[PDB]
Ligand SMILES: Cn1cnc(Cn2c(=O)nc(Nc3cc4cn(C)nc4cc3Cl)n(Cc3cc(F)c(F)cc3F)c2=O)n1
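Here's a solo chain for you in structure tokens, the form solved without the ligand.
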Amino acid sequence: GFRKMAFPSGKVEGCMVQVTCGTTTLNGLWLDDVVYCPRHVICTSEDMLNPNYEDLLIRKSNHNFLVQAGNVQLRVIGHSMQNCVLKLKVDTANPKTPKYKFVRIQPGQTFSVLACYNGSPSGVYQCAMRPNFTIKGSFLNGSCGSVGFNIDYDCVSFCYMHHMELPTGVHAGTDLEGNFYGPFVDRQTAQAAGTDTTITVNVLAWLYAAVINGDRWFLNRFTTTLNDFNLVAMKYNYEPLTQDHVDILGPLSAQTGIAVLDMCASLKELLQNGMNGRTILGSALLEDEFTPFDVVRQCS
């Protein structure tokens, strides 16, 4: 009904390379003359259990990193480690380097992931950073190093790089500076993610998208306050709604003629009574990976 839309992947496709060290092959990000990759490419399957990356990196040479961009084989002329991201300096400046920034997103924000395997793009899809800093995406073997990004009018804002898949099936990664999102570490260990919650401001924006597209059955004639909505939202493991969230939902409220607190009263009834066998925008569940900015970008 209202489809998840990913950013055009053209600017990022010309930056994906294949990085191999021993038996381990993953993906890398080829900005001007720097190939960014997860630092655990230097780790054997045994080393991942308790790696000492500083001692492991010293054991490594430039010739131990085989980098390939399509067919062109790139020659590493240096390697340095930012916190958990390896930086392999190459002889060749990427002639397809776009205008880019390195940003660290907040929990609840969305981004597009260019899933690639052994350096070649396979697909693109829209993600959302869960409140517990995990990603429910599709990452196979060979998927490590694939990056998440947003695009602002000519600029690619790189926001995420996939690093590990937790034993619970969820995925964890870092920003392009090597800092992990959440309490996770690049070590093959039992790591517990926090209690995940539903992004409340995203559900409200998705409900506004339903009203814009003619799906209006869930609108009611009860109202609520921000205080009393939250005490209901906390019971259903929904994130607390702030006045900042009410402010970001402003443009959608003016377009539909439905106050933000009026839509929250609609959401409160949906949480307490369910859907009663009906659907919203073709969905039987409440969707929470559409930010308010994602909705206004599609429903302009």
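Numbers for residues come from their place in the sequence shown, where the first is 1.
The same protein also has a form solved in complex with the ligand, omitted here; what follows describes it.
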The ligand overlaid from its position in the deposited bound form: site open or blocked at 2.4 Å backbone/C-beta: blocked
Between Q126, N132, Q188, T198, only one gets a heavy atom within 4.5 angstroms of the ligand in the deposited bound form; which residue is that? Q188
Can you pick the one in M48, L57, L271, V246 that has a heavy atom within 4.5 Å of the ligand in the deposited bound form? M48
Contact with the ligand in the deposited bound form for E177, defined as at least one heavy atom pair within 4.5 Å: yes or no? no
Using the partner position in the deposited bound form, report whether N141 sits within 4.5 Å of the ligand, counting heavy atoms only. yes
Within 4.5 Å, heavy atoms only: does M263 come near the ligand in the deposited bound form? no
Decide whether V35 counts as a contact residue for the ligand in the deposited bound form under a heavy atom distance cut-off of 4.5 Å. no
Can you tell me which of 220-228, 203-211, 163-171, 74-82 lies within 4.5 Å of the ligand in the deposited bound form, counting heavy atoms only? 163-171
Sequence-ordered residues of 92-121 touching the ligand in the deposited bound form, heavy atom within 4.5 Å: none
